[PDB]
>>> print(open('start_6.txt').read())   # compact mmCIF, N, CA and C atoms
# COMPACT_ATOMS: atom_id res chain seq x y z
N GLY A 1 -16.55 -27.45 5.54
CA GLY A 1 -16.84 -26.31 4.70
C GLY A 1 -15.64 -25.37 4.61
N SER A 2 -15.84 -24.26 3.91
CA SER A 2 -14.78 -23.28 3.74
C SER A 2 -15.38 -21.87 3.72
N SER A 3 -16.27 -21.66 2.77
CA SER A 3 -16.92 -20.36 2.62
C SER A 3 -15.90 -19.24 2.83
N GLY A 4 -15.23 -18.88 1.74
CA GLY A 4 -14.23 -17.83 1.78
C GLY A 4 -14.85 -16.50 2.23
N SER A 5 -14.22 -15.42 1.80
CA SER A 5 -14.70 -14.09 2.15
C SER A 5 -14.54 -13.15 0.95
N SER A 6 -15.50 -13.24 0.04
CA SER A 6 -15.48 -12.41 -1.15
C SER A 6 -15.99 -11.01 -0.82
N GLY A 7 -15.06 -10.05 -0.85
CA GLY A 7 -15.40 -8.67 -0.56
C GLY A 7 -14.27 -7.73 -0.97
N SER A 8 -13.27 -7.65 -0.11
CA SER A 8 -12.12 -6.80 -0.36
C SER A 8 -10.91 -7.29 0.42
N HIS A 9 -9.81 -7.47 -0.29
CA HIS A 9 -8.58 -7.94 0.33
C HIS A 9 -7.63 -6.75 0.53
N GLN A 10 -8.20 -5.56 0.50
CA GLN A 10 -7.42 -4.35 0.68
C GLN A 10 -6.39 -4.54 1.79
N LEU A 11 -5.18 -4.06 1.53
CA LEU A 11 -4.11 -4.18 2.50
C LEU A 11 -3.89 -2.82 3.18
N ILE A 12 -3.96 -2.83 4.50
CA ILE A 12 -3.78 -1.62 5.27
C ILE A 12 -2.31 -1.50 5.68
N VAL A 13 -1.65 -0.50 5.11
CA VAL A 13 -0.25 -0.27 5.41
C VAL A 13 -0.03 1.22 5.72
N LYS A 14 0.73 1.47 6.78
CA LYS A 14 1.01 2.83 7.19
C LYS A 14 2.32 3.29 6.54
N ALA A 15 2.36 4.56 6.19
CA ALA A 15 3.54 5.14 5.57
C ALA A 15 4.73 5.00 6.52
N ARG A 16 5.91 5.25 5.98
CA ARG A 16 7.13 5.16 6.77
C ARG A 16 7.63 6.56 7.13
N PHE A 17 7.89 7.35 6.10
CA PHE A 17 8.37 8.70 6.30
C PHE A 17 7.87 9.63 5.19
N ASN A 18 8.35 10.87 5.24
CA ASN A 18 7.95 11.86 4.25
C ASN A 18 8.34 11.36 2.86
N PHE A 19 7.33 10.90 2.13
CA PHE A 19 7.55 10.40 0.78
C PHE A 19 6.84 11.28 -0.25
N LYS A 20 7.65 11.94 -1.07
CA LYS A 20 7.12 12.81 -2.10
C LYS A 20 6.89 12.00 -3.38
N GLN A 21 5.79 12.31 -4.05
CA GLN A 21 5.44 11.62 -5.28
C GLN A 21 6.16 12.26 -6.47
N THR A 22 6.66 11.41 -7.35
CA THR A 22 7.37 11.87 -8.53
C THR A 22 6.39 12.45 -9.55
N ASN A 23 5.16 11.97 -9.48
CA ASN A 23 4.12 12.43 -10.39
C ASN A 23 2.75 12.15 -9.77
N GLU A 24 1.75 12.86 -10.28
CA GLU A 24 0.39 12.70 -9.79
C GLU A 24 -0.11 11.28 -10.06
N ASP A 25 0.49 10.66 -11.06
CA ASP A 25 0.12 9.30 -11.43
C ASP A 25 0.40 8.36 -10.25
N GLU A 26 1.50 8.64 -9.57
CA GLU A 26 1.90 7.84 -8.43
C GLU A 26 1.21 8.35 -7.16
N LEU A 27 1.47 7.64 -6.06
CA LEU A 27 0.88 8.01 -4.78
C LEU A 27 1.85 8.93 -4.03
N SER A 28 1.36 9.49 -2.94
CA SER A 28 2.16 10.38 -2.13
C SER A 28 1.76 10.27 -0.66
N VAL A 29 2.74 9.93 0.17
CA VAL A 29 2.50 9.78 1.59
C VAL A 29 3.54 10.60 2.37
N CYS A 30 3.16 10.99 3.57
CA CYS A 30 4.05 11.77 4.42
C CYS A 30 4.36 10.95 5.67
N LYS A 31 3.42 10.95 6.60
CA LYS A 31 3.59 10.21 7.84
C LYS A 31 2.21 9.91 8.44
N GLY A 32 2.12 8.74 9.06
CA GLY A 32 0.87 8.33 9.67
C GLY A 32 -0.30 8.47 8.69
N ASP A 33 -0.24 7.69 7.62
CA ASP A 33 -1.28 7.72 6.61
C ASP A 33 -1.51 6.30 6.09
N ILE A 34 -2.46 5.62 6.73
CA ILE A 34 -2.79 4.26 6.34
C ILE A 34 -3.18 4.24 4.86
N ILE A 35 -2.55 3.34 4.12
CA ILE A 35 -2.83 3.20 2.70
C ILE A 35 -3.47 1.84 2.44
N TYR A 36 -4.33 1.82 1.43
CA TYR A 36 -5.03 0.59 1.06
C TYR A 36 -4.45 0.01 -0.23
N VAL A 37 -3.80 -1.13 -0.09
CA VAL A 37 -3.20 -1.80 -1.23
C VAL A 37 -4.26 -2.65 -1.93
N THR A 38 -4.49 -2.34 -3.19
CA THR A 38 -5.47 -3.06 -3.98
C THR A 38 -4.78 -3.98 -4.99
N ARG A 39 -3.76 -3.43 -5.64
CA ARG A 39 -3.01 -4.18 -6.63
C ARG A 39 -2.16 -5.25 -5.94
N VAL A 40 -1.11 -4.80 -5.28
CA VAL A 40 -0.22 -5.71 -4.59
C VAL A 40 0.67 -6.43 -5.61
N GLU A 41 1.68 -5.71 -6.08
CA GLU A 41 2.60 -6.27 -7.05
C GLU A 41 3.92 -6.64 -6.38
N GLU A 42 4.58 -7.64 -6.95
CA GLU A 42 5.85 -8.11 -6.42
C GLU A 42 7.01 -7.53 -7.24
N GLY A 43 6.65 -6.81 -8.29
CA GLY A 43 7.64 -6.20 -9.16
C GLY A 43 8.56 -5.27 -8.36
N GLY A 44 7.94 -4.45 -7.53
CA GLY A 44 8.69 -3.51 -6.71
C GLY A 44 7.79 -2.37 -6.22
N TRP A 45 6.81 -2.05 -7.04
CA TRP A 45 5.88 -0.98 -6.71
C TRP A 45 4.59 -1.63 -6.19
N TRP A 46 3.85 -0.85 -5.41
CA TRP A 46 2.60 -1.33 -4.84
C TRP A 46 1.53 -0.25 -5.07
N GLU A 47 0.44 -0.67 -5.70
CA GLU A 47 -0.65 0.24 -5.98
C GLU A 47 -1.74 0.11 -4.91
N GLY A 48 -2.02 1.24 -4.26
CA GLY A 48 -3.03 1.27 -3.22
C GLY A 48 -3.81 2.58 -3.25
N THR A 49 -4.40 2.91 -2.11
CA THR A 49 -5.18 4.13 -2.00
C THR A 49 -4.98 4.77 -0.62
N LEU A 50 -4.74 6.07 -0.64
CA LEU A 50 -4.52 6.81 0.59
C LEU A 50 -5.72 7.73 0.85
N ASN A 51 -5.77 8.26 2.06
CA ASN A 51 -6.85 9.15 2.44
C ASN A 51 -7.05 10.20 1.34
N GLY A 52 -7.96 9.87 0.42
CA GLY A 52 -8.25 10.77 -0.68
C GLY A 52 -7.08 10.85 -1.66
N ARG A 53 -6.30 9.78 -1.68
CA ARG A 53 -5.14 9.72 -2.56
C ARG A 53 -5.07 8.35 -3.25
N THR A 54 -4.23 8.28 -4.26
CA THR A 54 -4.06 7.05 -5.01
C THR A 54 -2.73 7.07 -5.78
N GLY A 55 -2.39 5.91 -6.33
CA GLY A 55 -1.16 5.78 -7.09
C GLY A 55 -0.33 4.60 -6.59
N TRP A 56 0.88 4.49 -7.13
CA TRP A 56 1.77 3.41 -6.75
C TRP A 56 2.76 3.96 -5.71
N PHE A 57 3.32 3.05 -4.94
CA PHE A 57 4.28 3.42 -3.91
C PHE A 57 5.06 2.21 -3.41
N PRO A 58 6.22 2.49 -2.77
CA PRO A 58 7.06 1.43 -2.24
C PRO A 58 6.46 0.84 -0.96
N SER A 59 6.12 -0.44 -1.04
CA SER A 59 5.53 -1.13 0.10
C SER A 59 6.62 -1.45 1.13
N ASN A 60 7.76 -1.89 0.62
CA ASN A 60 8.88 -2.24 1.48
C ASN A 60 9.17 -1.08 2.43
N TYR A 61 9.01 0.13 1.90
CA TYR A 61 9.24 1.33 2.69
C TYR A 61 8.20 1.47 3.80
N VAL A 62 6.95 1.60 3.38
CA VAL A 62 5.86 1.75 4.33
C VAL A 62 5.74 0.47 5.16
N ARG A 63 5.13 0.62 6.33
CA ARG A 63 4.95 -0.51 7.23
C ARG A 63 3.58 -1.15 7.00
N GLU A 64 3.47 -2.40 7.43
CA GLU A 64 2.23 -3.14 7.28
C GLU A 64 1.52 -3.28 8.63
N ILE A 65 0.21 -3.10 8.60
CA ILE A 65 -0.59 -3.20 9.81
C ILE A 65 -1.30 -4.55 9.84
N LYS A 66 -2.02 -4.83 8.76
CA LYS A 66 -2.75 -6.08 8.65
C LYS A 66 -1.81 -7.24 8.99
N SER A 67 -2.22 -8.02 9.98
CA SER A 67 -1.44 -9.16 10.41
C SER A 67 -1.89 -10.42 9.66
N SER A 68 -3.04 -10.30 9.01
CA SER A 68 -3.59 -11.42 8.26
C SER A 68 -3.14 -11.34 6.80
N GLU A 69 -2.52 -10.21 6.47
CA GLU A 69 -2.04 -10.00 5.11
C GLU A 69 -0.54 -10.30 5.03
N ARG A 70 0.15 -10.01 6.13
CA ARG A 70 1.58 -10.25 6.19
C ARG A 70 1.90 -11.71 5.90
N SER A 71 1.30 -12.58 6.71
CA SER A 71 1.51 -14.01 6.55
C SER A 71 0.52 -14.57 5.52
N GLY A 72 -0.14 -13.66 4.83
CA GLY A 72 -1.11 -14.05 3.82
C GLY A 72 -1.12 -13.04 2.66
N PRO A 73 -0.20 -13.28 1.69
CA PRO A 73 -0.10 -12.41 0.53
C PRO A 73 -1.25 -12.66 -0.45
N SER A 74 -2.46 -12.48 0.05
CA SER A 74 -3.65 -12.68 -0.76
C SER A 74 -3.88 -14.18 -0.98
N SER A 75 -2.99 -14.78 -1.75
CA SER A 75 -3.09 -16.20 -2.04
C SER A 75 -1.73 -16.75 -2.47
N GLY A 76 -1.17 -16.13 -3.50
CA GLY A 76 0.12 -16.54 -4.01
C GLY A 76 0.31 -16.10 -5.46
>>> encode(input="start_6.txt", output="structure tokens")
Amino acid sequence: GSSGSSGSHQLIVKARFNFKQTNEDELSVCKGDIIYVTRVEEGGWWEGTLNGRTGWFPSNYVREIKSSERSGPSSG
């Protein structure tokens, strides 16, 4: 069998440093703020959700917590 896990592949990533948002459209993180990646783009920006926040942000910058997401970019 296999029986996947249909629910949410949200990616938990912690901010890196004081990151100011260029616009409200984008996200904004400071420090110690786990963000939830929903989009997950390889273009360069990453769209997720922060504690009562949202928008796009640099994933490369922020750190990754999920160990099942690191070696598992969703699917491919």
>>> residues_around(input="start_6.txt", residues="residue 54 in chain A", least_positions_apart="6", cutoff="9 Å", atoms="only C-alpha atoms", output="PyMOL selection string")
chain A and resi 24-28+35-36+47-48
>>> closest_residue(input="start_6.txt", among="A:40, A:11, A:62, A:50", to="residue 76 in chain A", atoms="only C-alpha atoms")
A:40
>>> atom_distance(input="start_6.txt", atom1="CA of residue 63 in chain A", atom2="CA of residue 15 in chain A")
6.1 Å
>>> atom_distance(input="start_6.txt", atom1="CA of residue 45 in chain A", atom2="CA of residue 30 in chain A")
17.0 Å
>>> residues_around(input="start_6.txt", residues="residue 12 in chain A", least_positions_apart="4", cutoff="8 Å", atoms="all atoms listed in the file", output="short mmCIF file (atom, residue, chain, number, x, y, z; two decimals) with N, CA and C atoms, in the frame of the given file")
data_model
loop_
_atom_site.label_atom_id
_atom_site.label_comp_id
_atom_site.auth_asym_id
_atom_site.auth_seq_id
_atom_site.Cartn_x
_atom_site.Cartn_y
_atom_site.Cartn_z
N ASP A 33 -0.24 7.69 7.62
CA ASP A 33 -1.28 7.72 6.61
C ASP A 33 -1.51 6.30 6.09
N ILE A 34 -2.46 5.62 6.73
CA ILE A 34 -2.79 4.26 6.34
C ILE A 34 -3.18 4.24 4.86
N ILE A 35 -2.55 3.34 4.12
CA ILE A 35 -2.83 3.20 2.70
C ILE A 35 -3.47 1.84 2.44
N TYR A 36 -4.33 1.82 1.43
CA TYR A 36 -5.03 0.59 1.06
C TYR A 36 -4.45 0.01 -0.23
N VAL A 37 -3.80 -1.13 -0.09
CA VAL A 37 -3.20 -1.80 -1.23
C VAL A 37 -4.26 -2.65 -1.93
N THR A 38 -4.49 -2.34 -3.19
CA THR A 38 -5.47 -3.06 -3.98
C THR A 38 -4.78 -3.98 -4.99
N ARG A 63 5.13 0.62 6.33
CA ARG A 63 4.95 -0.51 7.23
C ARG A 63 3.58 -1.15 7.00
N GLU A 64 3.47 -2.40 7.43
CA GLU A 64 2.23 -3.14 7.28
C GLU A 64 1.52 -3.28 8.63
N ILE A 65 0.21 -3.10 8.60
CA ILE A 65 -0.59 -3.20 9.81
C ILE A 65 -1.30 -4.55 9.84
N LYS A 66 -2.02 -4.83 8.76
CA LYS A 66 -2.75 -6.08 8.65
C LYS A 66 -1.81 -7.24 8.99
N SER A 67 -2.22 -8.02 9.98
CA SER A 67 -1.44 -9.16 10.41
C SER A 67 -1.89 -10.42 9.66
N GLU A 69 -2.52 -10.21 6.47
CA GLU A 69 -2.04 -10.00 5.11
C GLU A 69 -0.54 -10.30 5.03
#
>>> atom_distance(input="start_6.txt", atom1="atom C of residue 61 in chain A", atom2="CA of residue 16 in chain A")
4.9 Å
>>> closest_residue(input="start_6.txt", among="A:46, A:53, A:17, A:10", to="residue 32 in chain A", atoms="only C-alpha atoms")
A:17
>>> closest_residue(input="start_6.txt", among="A:1, A:39, A:8, A:13", to="residue 55 in chain A", atoms="only C-alpha atoms")
A:39
>>> select_by_dssp(input="start_6.txt", residues="chain A", states="helix (DSSP H, G or I)", output="PyMOL selection string")
chain A and resi 67-70
>>> closest_residue(input="start_6.txt", among="A:20, A:31, A:14, A:70", to="residue 49 in chain A", atoms="only C-alpha atoms")
A:14
>>> select_by_dssp(input="start_6.txt", residues="chain A", states="strand (DSSP E)", output="list in words")
residues 11, 12, 13, 14, 35, 36, 37, 46, 47, 48, 49, 50, 53, 54, 55, 56, 57, 63 and 64 of chain A
>>> write_last_selection(input="start_6.txt", atoms="N, CA and C atoms", output="PDB file, keeping the file's coordinate frame")
ATOM      1  N   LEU A  11      -5.180  -4.060   1.530  1.00  0.00           N
ATOM      2  CA  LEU A  11      -4.110  -4.180   2.500  1.00  0.00           C
ATOM      3  C   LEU A  11      -3.890  -2.820   3.180  1.00  0.00           C
ATOM      4  N   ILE A  12      -3.960  -2.830   4.500  1.00  0.00           N
ATOM      5  CA  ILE A  12      -3.780  -1.620   5.270  1.00  0.00           C
ATOM      6  C   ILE A  12      -2.310  -1.500   5.680  1.00  0.00           C
ATOM      7  N   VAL A  13      -1.650  -0.500   5.110  1.00  0.00           N
ATOM      8  CA  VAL A  13      -0.250  -0.270   5.410  1.00  0.00           C
ATOM      9  C   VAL A  13      -0.030   1.220   5.720  1.00  0.00           C
ATOM     10  N   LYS A  14       0.730   1.470   6.780  1.00  0.00           N
ATOM     11  CA  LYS A  14       1.010   2.830   7.190  1.00  0.00           C
ATOM     12  C   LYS A  14       2.320   3.290   6.540  1.00  0.00           C
ATOM     13  N   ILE A  35      -2.550   3.340   4.120  1.00  0.00           N
ATOM     14  CA  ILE A  35      -2.830   3.200   2.700  1.00  0.00           C
ATOM     15  C   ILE A  35      -3.470   1.840   2.440  1.00  0.00           C
ATOM     16  N   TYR A  36      -4.330   1.820   1.430  1.00  0.00           N
ATOM     17  CA  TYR A  36      -5.030   0.590   1.060  1.00  0.00           C
ATOM     18  C   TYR A  36      -4.450   0.010  -0.230  1.00  0.00           C
ATOM     19  N   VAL A  37      -3.800  -1.130  -0.090  1.00  0.00           N
ATOM     20  CA  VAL A  37      -3.200  -1.800  -1.230  1.00  0.00           C
ATOM     21  C   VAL A  37      -4.260  -2.650  -1.930  1.00  0.00           C
ATOM     22  N   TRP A  46       3.850  -0.850  -5.410  1.00  0.00           N
ATOM     23  CA  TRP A  46       2.600  -1.330  -4.840  1.00  0.00           C
ATOM     24  C   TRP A  46       1.530  -0.250  -5.070  1.00  0.00           C
ATOM     25  N   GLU A  47       0.440  -0.670  -5.700  1.00  0.00           N
ATOM     26  CA  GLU A  47      -0.650   0.240  -5.980  1.00  0.00           C
ATOM     27  C   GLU A  47      -1.740   0.110  -4.910  1.00  0.00           C
ATOM     28  N   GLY A  48      -2.020   1.240  -4.260  1.00  0.00           N
ATOM     29  CA  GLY A  48      -3.030   1.270  -3.220  1.00  0.00           C
ATOM     30  C   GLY A  48      -3.810   2.580  -3.250  1.00  0.00           C
ATOM     31  N   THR A  49      -4.400   2.910  -2.110  1.00  0.00           N
ATOM     32  CA  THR A  49      -5.180   4.130  -2.000  1.00  0.00           C
ATOM     33  C   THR A  49      -4.980   4.770  -0.620  1.00  0.00           C
ATOM     34  N   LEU A  50      -4.740   6.070  -0.640  1.00  0.00           N
ATOM     35  CA  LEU A  50      -4.520   6.810   0.590  1.00  0.00           C
ATOM     36  C   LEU A  50      -5.720   7.730   0.850  1.00  0.00           C
ATOM     37  N   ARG A  53      -6.300   9.780  -1.680  1.00  0.00           N
ATOM     38  CA  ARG A  53      -5.140   9.720  -2.560  1.00  0.00           C
ATOM     39  C   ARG A  53      -5.070   8.350  -3.250  1.00  0.00           C
ATOM     40  N   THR A  54      -4.230   8.280  -4.260  1.00  0.00           N
ATOM     41  CA  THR A  54      -4.060   7.050  -5.010  1.00  0.00           C
ATOM     42  C   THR A  54      -2.730   7.070  -5.780  1.00  0.00           C
ATOM     43  N   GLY A  55      -2.390   5.910  -6.330  1.00  0.00           N
ATOM     44  CA  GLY A  55      -1.160   5.780  -7.090  1.00  0.00           C
ATOM     45  C   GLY A  55      -0.330   4.600  -6.590  1.00  0.00           C
ATOM     46  N   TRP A  56       0.880   4.490  -7.130  1.00  0.00           N
ATOM     47  CA  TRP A  56       1.770   3.410  -6.750  1.00  0.00           C
ATOM     48  C   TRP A  56       2.760   3.960  -5.710  1.00  0.00           C
ATOM     49  N   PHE A  57       3.320   3.050  -4.940  1.00  0.00           N
ATOM     50  CA  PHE A  57       4.280   3.420  -3.910  1.00  0.00           C
ATOM     51  C   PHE A  57       5.060   2.210  -3.410  1.00  0.00           C
ATOM     52  N   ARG A  63       5.130   0.620   6.330  1.00  0.00           N
ATOM     53  CA  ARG A  63       4.950  -0.510   7.230  1.00  0.00           C
ATOM     54  C   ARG A  63       3.580  -1.150   7.000  1.00  0.00           C
ATOM     55  N   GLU A  64       3.470  -2.400   7.430  1.00  0.00           N
ATOM     56  CA  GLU A  64       2.230  -3.140   7.280  1.00  0.00           C
ATOM     57  C   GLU A  64       1.520  -3.280   8.630  1.00  0.00           C
TER      58      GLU A  64
END
>>> closest_residue(input="start_6.txt", among="A:21, A:68, A:57, A:29", to="residue 42 in chain A", atoms="only C-alpha atoms")
A:57
>>> decode(input="start_6.txt", residues="chain A", atoms="C-alpha atoms", output="PDB file, in the first residue's frame")
ATOM      1  CA  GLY A   1       0.000   0.000   0.000  1.00  0.00           C
ATOM      2  CA  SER A   2       0.888   3.678   0.067  1.00  0.00           C
ATOM      3  CA  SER A   3      -1.953   5.837   1.332  1.00  0.00           C
ATOM      4  CA  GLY A   4      -0.385   9.270   1.047  1.00  0.00           C
ATOM      5  CA  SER A   5      -1.214  12.147   3.363  1.00  0.00           C
ATOM      6  CA  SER A   6      -3.672  14.577   1.817  1.00  0.00           C
ATOM      7  CA  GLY A   7      -3.922  17.554   4.140  1.00  0.00           C
ATOM      8  CA  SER A   8      -1.257  20.241   4.154  1.00  0.00           C
ATOM      9  CA  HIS A   9       2.339  20.264   2.973  1.00  0.00           C
ATOM     10  CA  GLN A  10       2.950  23.592   4.672  1.00  0.00           C
ATOM     11  CA  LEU A  11       6.656  24.212   5.128  1.00  0.00           C
ATOM     12  CA  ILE A  12       7.807  25.435   8.519  1.00  0.00           C
ATOM     13  CA  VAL A  13      10.747  27.789   8.144  1.00  0.00           C
ATOM     14  CA  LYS A  14      12.173  30.183  10.707  1.00  0.00           C
ATOM     15  CA  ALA A  15      13.283  33.669   9.736  1.00  0.00           C
ATOM     16  CA  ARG A  16      16.969  34.500   9.525  1.00  0.00           C
ATOM     17  CA  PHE A  17      17.285  38.139  10.515  1.00  0.00           C
ATOM     18  CA  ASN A  18      15.483  41.468  10.594  1.00  0.00           C
ATOM     19  CA  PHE A  19      13.774  41.423   7.218  1.00  0.00           C
ATOM     20  CA  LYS A  20      11.695  44.434   6.254  1.00  0.00           C
ATOM     21  CA  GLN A  21       8.962  44.058   3.661  1.00  0.00           C
ATOM     22  CA  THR A  22       9.126  46.211   0.553  1.00  0.00           C
ATOM     23  CA  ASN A  23       5.345  46.246   0.407  1.00  0.00           C
ATOM     24  CA  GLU A  24       2.313  44.928   2.249  1.00  0.00           C
ATOM     25  CA  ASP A  25       1.857  42.564  -0.672  1.00  0.00           C
ATOM     26  CA  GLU A  26       5.019  40.791   0.416  1.00  0.00           C
ATOM     27  CA  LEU A  27       5.772  39.170   3.752  1.00  0.00           C
ATOM     28  CA  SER A  28       7.729  40.621   6.647  1.00  0.00           C
ATOM     29  CA  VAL A  29       9.827  38.795   9.216  1.00  0.00           C
ATOM     30  CA  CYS A  30      12.156  39.944  11.969  1.00  0.00           C
ATOM     31  CA  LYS A  31      13.564  37.134  14.077  1.00  0.00           C
ATOM     32  CA  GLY A  32      12.318  33.852  15.493  1.00  0.00           C
ATOM     33  CA  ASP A  33       9.138  33.755  13.445  1.00  0.00           C
ATOM     34  CA  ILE A  34       8.233  30.380  11.988  1.00  0.00           C
ATOM     35  CA  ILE A  35       6.704  30.872   8.561  1.00  0.00           C
ATOM     36  CA  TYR A  36       4.441  28.502   6.665  1.00  0.00           C
ATOM     37  CA  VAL A  37       5.369  27.996   3.031  1.00  0.00           C
ATOM     38  CA  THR A  38       2.317  27.180   0.945  1.00  0.00           C
ATOM     39  CA  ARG A  39       3.438  28.126  -2.546  1.00  0.00           C
ATOM     40  CA  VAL A  40       7.060  27.026  -2.593  1.00  0.00           C
ATOM     41  CA  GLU A  41       8.482  28.503  -5.774  1.00  0.00           C
ATOM     42  CA  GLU A  42      11.904  27.848  -7.257  1.00  0.00           C
ATOM     43  CA  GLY A  43      11.926  31.162  -9.083  1.00  0.00           C
ATOM     44  CA  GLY A  44      13.539  32.878  -6.121  1.00  0.00           C
ATOM     45  CA  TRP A  45      10.674  34.032  -3.932  1.00  0.00           C
ATOM     46  CA  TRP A  46       8.714  31.856  -1.533  1.00  0.00           C
ATOM     47  CA  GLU A  47       5.101  32.472  -0.591  1.00  0.00           C
ATOM     48  CA  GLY A  48       4.126  31.436   2.917  1.00  0.00           C
ATOM     49  CA  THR A  49       2.345  32.637   6.034  1.00  0.00           C
ATOM     50  CA  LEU A  50       3.689  34.151   9.231  1.00  0.00           C
ATOM     51  CA  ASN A  51       2.129  34.612  12.650  1.00  0.00           C
ATOM     52  CA  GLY A  52      -0.786  36.692  11.421  1.00  0.00           C
ATOM     53  CA  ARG A  53       1.249  37.627   8.369  1.00  0.00           C
ATOM     54  CA  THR A  54       1.493  36.687   4.711  1.00  0.00           C
ATOM     55  CA  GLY A  55       3.281  37.439   1.461  1.00  0.00           C
ATOM     56  CA  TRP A  56       6.376  36.329  -0.414  1.00  0.00           C
ATOM     57  CA  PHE A  57       9.867  36.138   1.040  1.00  0.00           C
ATOM     58  CA  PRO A  58      13.380  34.780   0.467  1.00  0.00           C
ATOM     59  CA  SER A  59      13.513  31.159   1.564  1.00  0.00           C
ATOM     60  CA  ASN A  60      17.245  30.865   1.011  1.00  0.00           C
ATOM     61  CA  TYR A  61      17.559  33.565   3.645  1.00  0.00           C
ATOM     62  CA  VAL A  62      15.279  32.088   6.280  1.00  0.00           C
ATOM     63  CA  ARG A  63      16.163  28.725   7.776  1.00  0.00           C
ATOM     64  CA  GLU A  64      14.221  25.498   7.396  1.00  0.00           C
ATOM     65  CA  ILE A  65      12.925  23.470  10.317  1.00  0.00           C
ATOM     66  CA  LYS A  66      10.954  20.701   8.652  1.00  0.00           C
ATOM     67  CA  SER A  67      13.393  17.862   8.091  1.00  0.00           C
ATOM     68  CA  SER A  68      10.884  16.007   5.948  1.00  0.00           C
ATOM     69  CA  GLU A  69      10.579  18.979   3.624  1.00  0.00           C
ATOM     70  CA  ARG A  70      14.279  19.640   3.176  1.00  0.00           C
ATOM     71  CA  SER A  71      14.968  16.268   1.602  1.00  0.00           C
ATOM     72  CA  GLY A  72      11.432  16.364   0.258  1.00  0.00           C
ATOM     73  CA  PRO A  73      10.554  19.387  -1.892  1.00  0.00           C
ATOM     74  CA  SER A  74       6.903  18.393  -1.896  1.00  0.00           C
ATOM     75  CA  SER A  75       7.358  16.089  -4.865  1.00  0.00           C
ATOM     76  CA  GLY A  76       9.327  17.703  -7.666  1.00  0.00           C
TER      77      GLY A  76
END
